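Student: The following block contains the structure, expressed as structure tokens.
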């Protein structure tokens, strides 16, 4: 689902960006902890393309412990499975990367239109424009956040232990014995005190214990 | 000089293993020694601008870049590009010391790594086109995320000064008196409370939102 610190869990997807035609496939990875994004451009959705993409992302961000994707063949082929195994990266199929895709496309749109490109970006200007978008997204604050994704990526805040909370389970009851490690707007990461098991739950199902 | 993102050096070097895009644009941050490379079919103003935009996306925006006096660096297109980005630029003789020595060393490091990685994947001459991008990325990973020689710090460490922070910003809390007490750091916020940790006692408590303020 989500990492507690950077380079734990990434999410990756392909998305189509007609402004970047003819090579309009963008491979997008987001680090689920820092929100930093890496994007590369490709002519086709293939196993080879995703391998190049991840190698690029690793060069920028460092090597993750695990990557989550959908069921698509580029991600689950023998070639890609052996590639991930070689790099020692766990893989799951089955979101943050969806929001990353939207932010990226909005940014590409703003930058292109700013250069007078209402439709297709001229082929020779595409690489530069994509890099500019990536710079804006990683090196500038995301809306209301006080730190940029790249700052959160290299200097993350990771609580060693959190404060005690109760969580609402199933019987409608509130259960003690949990501590909160991350408390965001939508979700919270909570750890069971007896096992150190960590689960993600909606914020509304968590409240301070005492 | 001292400090990352102050002075970069950029050069183009030929790497026939990377044909047909055998011109490698190479930038090194002279403080952190971090290297970024992109490949190009020819040395043009467009290639230079793609390269620097890429390097900036990876490393951040530098104050200044030093290059030789090739037409791609001194063109009107590139002059105006640099100006739009607010980056200072100085040119020199190709190979010159004060502005090209470090990037010359980076060229050799990079080409040695490309050779070792390629021959390691069983490619003794030209690297298959479909494998080139990945191999360049792997070379950047190896050059930036591992220590150069006797260094205790990797270029990534010098560039970003990584660390893990274990608490949020300092805060002060309103205690029973009306006094605002310093010596606390916030851990998380939720449901109208802040969880705060006392720097001196390590006590962690939940405090109503309205009774917590940032400390200076």
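Protein chains in written order, with my numbering: chain A, 9 to 218; chain B, 323 to 538.
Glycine included, every Cβ here is placed at the ideal spot set by N, Cα and C.
Just to confirm, are residue 283(B) and residue 495(B) a CB contact at a threshold of 7 Å?
Tutor: Residue 283(B) is absent from the model: chain B starts at 323 and stops at 538.
Student: Have a look at the DSSP bridge pairing and note the partners of residue 17(A).
Tutor: 74(A)
Student: Taking 8 Å as the threshold, find out whether the segment 85-103 of chain A comes into contact with the segment 116-131 of chain A through three or more Cβ pairs.
Tutor: no
Student: Kindly say whether residue 168(A), judged by its beta-carbon, lies nearer than 7 Å to any beta-carbon of chain B.
Tutor: yes
Student: What's the C-alpha gap between residue 105(A) and residue 39(A)?
Tutor: 9 Å
Student: Would you grab the beta carbon distance between residue 379(B) and residue 410(B) for me? Rounded to a whole angstrom, and I think it's under 8 Å.
Tutor: That pair is no contact at about 19 Å.
Student: Would residue 49(A) pass as an interface residue toward chain D - the criterion being a Cβ-Cβ separation below 7 Å?
Tutor: In summary, chain D is missing from the structure at hand, where the protein chains are A and B.
Student: Starting from the beta carbon of residue 68(A), find every residue of chain B whose beta carbon is closer than 7 Å, and list them in chain order.
Tutor: 380
Student: Enumerate, from N- to C-terminal direction, the unbroken alpha helix (DSSP H) stretches of 4 or more residues contained entirely within the segment 430-507 of chain B.
Tutor: Those alpha helix (DSSP H) runs which fall completely within the segment 430-507 of chain B and span 4+ residues are 451-467 and 477-482.
Student: Measure the beta-carbon distance from residue 564(B) to residue 373(B) and round it to whole angstroms, keeping in mind my assumption that it falls under 8 Å.
Tutor: Residue coverage of chain B in this structure runs from 323 to 538, which leaves residue 564(B) outside it and unanswerable.
Student: List, in chain order, every chain A residue whose beta-carbon is nearer than 7 Å to that of residue 513(B).
Tutor: Around residue 513(B), the beta-carbon contacts reaching into chain A at under 7 Å are 215 and 216.
Student: Taking Cβ positions only, does residue 340(B) come closer than 7 Å to chain A?
Tutor: no
Student: Could you tell me if residue 89(A) is buried or exposed, where buried requires 16 or more neighbouring beta carbons within 10 angstroms of its beta carbon?
Tutor: exposed
Student: Rounded to a whole number of angstroms, what is the C-alpha to C-alpha distance between residue 202(A) and residue 455(B)?
Tutor: 47 Å
Student: Suppose contacts are defined by Cβ-Cβ distances below 7 Å. Is residue 450(B) in contact with residue 493(B) by that definition?
Tutor: no
Student: Could you give the residue range of the alpha helix (DSSP H) that holds residue 398(B)?
Tutor: Looking at the DSSP string, the run of the alpha helix (DSSP H) that includes residue 398(B) is 398-407.
Student: Quickly, what does DSSP pair residue 510(B) with across the bridge? List them, please.
Tutor: 517(B)
Student: Just checking: is the beta-carbon of residue 525(B) within a distance shorter than 7 Å of some beta-carbon in chain A?
Tutor: no
Student: Can you find a C-beta in chain A that's less than 7 Å from the C-beta of residue 332(B)?
Tutor: no
Student: On the three-state DSSP scale, how would you describe residue 415(B)?
Tutor: Looking at residue 415(B) - three-state DSSP - the assignment turns out to be coil, as it is neither helix nor strand.
Student: Residue 416(B) and residue 330(B) - do their beta-carbons sit closer together than 7 Å?
Tutor: When the beta-carbon positions are compared, residue 330(B) and residue 416(B) stay at least 7 Å from each other.
Student: Could you tell me whether the Cβ of residue 452(B) comes closer than 7 Å to any Cβ of chain A?
Tutor: Against chain A, the CB of residue 452(B) has a partner CB under 7 Å away; the residue lies at that interface.
Student: Suppose contacts are defined by Cβ-Cβ distances below 7 Å. Is residue 412(B) in contact with residue 394(B) by that definition?
Tutor: no
Student: If I'm right that residue 510(B) touches residue 171(A) with Cβ under 8 Å, what's the distance once you round it to whole angstroms?
Tutor: 7 Å
Student: Can you pull the chain A neighbours of residue 326(B), defined as C-beta to C-beta under 7 Å?
Tutor: Here the premise fails: no neighbours, minimum Cβ distance about 12 Å.
Student: Starting from the beta carbon of residue 509(B), find every residue of chain A whose beta carbon is closer than 7 Å, and list them in chain order.
Tutor: 167, 170 and 171
Student: Counting only C-beta atoms, is residue 136(A) closer than 7 Å to chain B at any point?
Tutor: yes
Student: Please identify the residue among 474(B), 472(B), 506(B) and 430(B) whose C-alpha is closest to the C-alpha of residue 357(B).
Tutor: 430(B)
Student: I'd like to check one pair, residue 13(A) with residue 166(A): are the Cβ atoms closer than 7 Å?
Tutor: Result yes, Cβ atoms of residue 166(A) and residue 13(A) sit closer than 7 Å.
Student: Does the Cβ of residue 25(A) have 16 or more other Cβ atoms within 10 Å, making it buried, or fewer, making it exposed?
Tutor: Counting other Cβ atoms within 10 Å of its Cβ, residue 25(A) reaches 16 or more and is therefore classed as buried.
Student: Tell me whether the beta-carbon of residue 370(B) lies closer than 7 Å to the beta-carbon of residue 132(A).
Tutor: no
Student: Let me know the secondary structure DSSP gives residue 536(B) once reduced to three states.
Tutor: Shown here, residue 536(B) sits in a strand according to DSSP, grouped into three states.
Student: Quick one: what's residue 33(A) bridged to in DSSP?
Tutor: 24(A) and 50(A)
Student: Residues of chain A with a CB under 8 Å from the CB of residue 349(B): which are they?
Tutor: The premise fails here: residue 349(B) is roughly 13 Å from chain A at the closest Cβ pair, so nothing lies under 8 Å.
Student: How long is the line joining the alpha carbons of residue 421(B) and residue 479(B), rounded to whole angstroms?
Tutor: 24 Å
Student: Rounded to whole angstroms, what is the Cα-Cα separation between residue 512(B) and residue 112(A)?
Tutor: Here the alpha carbon of residue 512(B) sits roughly 30 Å from the alpha carbon of residue 112(A).
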